[PDB]
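All Cβ positions, even for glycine, are placed from backbone atoms using ideal geometry, and neighbour counts span all protein chains on display. No lab work stands behind these numbers, since they all come straight from the coordinates.
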Amino acid sequence: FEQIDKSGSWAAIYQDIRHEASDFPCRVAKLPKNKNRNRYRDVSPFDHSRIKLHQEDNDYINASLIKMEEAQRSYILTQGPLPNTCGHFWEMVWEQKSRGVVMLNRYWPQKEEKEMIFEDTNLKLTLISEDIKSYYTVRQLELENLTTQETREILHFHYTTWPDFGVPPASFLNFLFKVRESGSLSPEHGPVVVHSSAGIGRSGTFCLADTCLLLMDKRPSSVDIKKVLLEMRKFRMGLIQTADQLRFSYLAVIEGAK
Amino acid sequence: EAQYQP
């Protein structure tokens, strides 16, 4: 609740969070078979929290499960889909019983008239409805695992304008809340899939805000934004890519309190 | 194969 802020030490905190951030083994992402299932050579899932694809040949996709015990909120953070990936993306989404998708990074159907099919993973994707607001756009989507012939609906929230290492303060929250209100975050359903370009900077900022906002409800002013992020950064390396972004989560959360 | 980072 206190501005650092005249001190100007915002980077010093980031350097601490970056430095004191635990690093874990990444054996499986590293494998020559999995060289091209990664978009980014530097960003990779921790071997312990990674999502495993059910398809027997290769169970690897670049996603990591965040579980936050106390807050009760679980997210799945993944790089955006590559050409290869699109099938895997929806595979996981279907495997983890997810009922919400969060794109913050400027693989779905543009027209209702035209369905989408992935031979690779044997899933279909049809648009159902669309909603454009200026800040963010929402689609109502339908997934059928063709083999099952069982259809389960999915909600896609696209934060249209978040710069690659940029923010994000009101629109962010409206958007966060919109996602909350839809019930995609609710624990009845599997994890909400959150994806930035590699699923760290924007993803972290997004998930950071929402979790801490949950803490104030549950707990009062006890919460520390660090400690939570360090803890969060245990499941997926490199969450929050800038000091400006960190400051922003701190900020959003403060504003979100009211 | 690019790096997101910096």
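From (1) surrounded by 17 or more Cβ atoms within 10 Å (Cβ to Cβ); (2) touching an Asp or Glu at 6+ places or on another chain (Cβ under 8 Å), pick out the condition that doesn't hold for A:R41.
(1)
Quick check on my filter: what residues within the range A:201-248 are touching a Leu at 6+ places or on another chain (Cβ under 6 Å) and assigned to a loop (DSSP other than H, G, I, E, B)?
Within the range A:201-248, A:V223, A:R233, A:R236, A:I240 meet the criteria.
Go through the residues of the range A:82-98 one by one and say whether even a single one is closer than 23 Å to A:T242 by Cβ and not acidic (D, E).
The answer is no; no qualifying residue exists.
Can you find a residue that is within 14 Å of chain B (Cβ to nearest Cβ), crowded, with 22+ Cβ neighbours inside 10 Å and in contact with a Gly (Cβ under 6 Å, 6 or more places away or on another chain) anywhere in the range A:222-239?
Yes, that holds for at least one residue.
Based on this model, can you work out whether A:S186 counts as within 17 Å of the chain's Cα centre (by Cα), more than 18 Å from A:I13 (Cα to Cα) and within 14 Å of chain B (Cβ to nearest Cβ)?
Criteria not met by A:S186.
Could you check the range A:1-117 for helices (runs of 4 or more DSSP H) lying wholly inside it with 1 or more residues that are over 21 Å from the mean Cα position of the chain (by Cα)?
In the range A:1-117, A:11-19, A:27-30 are the helices (runs of 4 or more DSSP H) which contain 1 or more residues that are over 21 Å from the mean Cα position of the chain (by Cα).
Between A:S171, A:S184, which is small (G, A, S) and under 20 Å from A:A257 (Cα atoms)?
Working: A:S184 fails: under 20 Å from A:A257 (Cα atoms).
One residue alone meets the criteria, A:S171.
All but one of (1) more than 14 Å from chain B (Cβ to nearest Cβ); (2) surrounded by fewer than 19 Cβ atoms within 10 Å (Cβ to Cβ); (3) within 22 Å of A:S9 (Cα to Cα); (4) of a type outside the set (A, V, I, L, M, F, W, C) hold for A:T242; which doesn't?
With (1) more than 14 Å from chain B (Cβ to nearest Cβ); (2) surrounded by fewer than 19 Cβ atoms within 10 Å (Cβ to Cβ); (3) within 22 Å of A:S9 (Cα to Cα); (4) of a type outside the set (A, V, I, L, M, F, W, C) applied to A:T242, the lone miss is (1).
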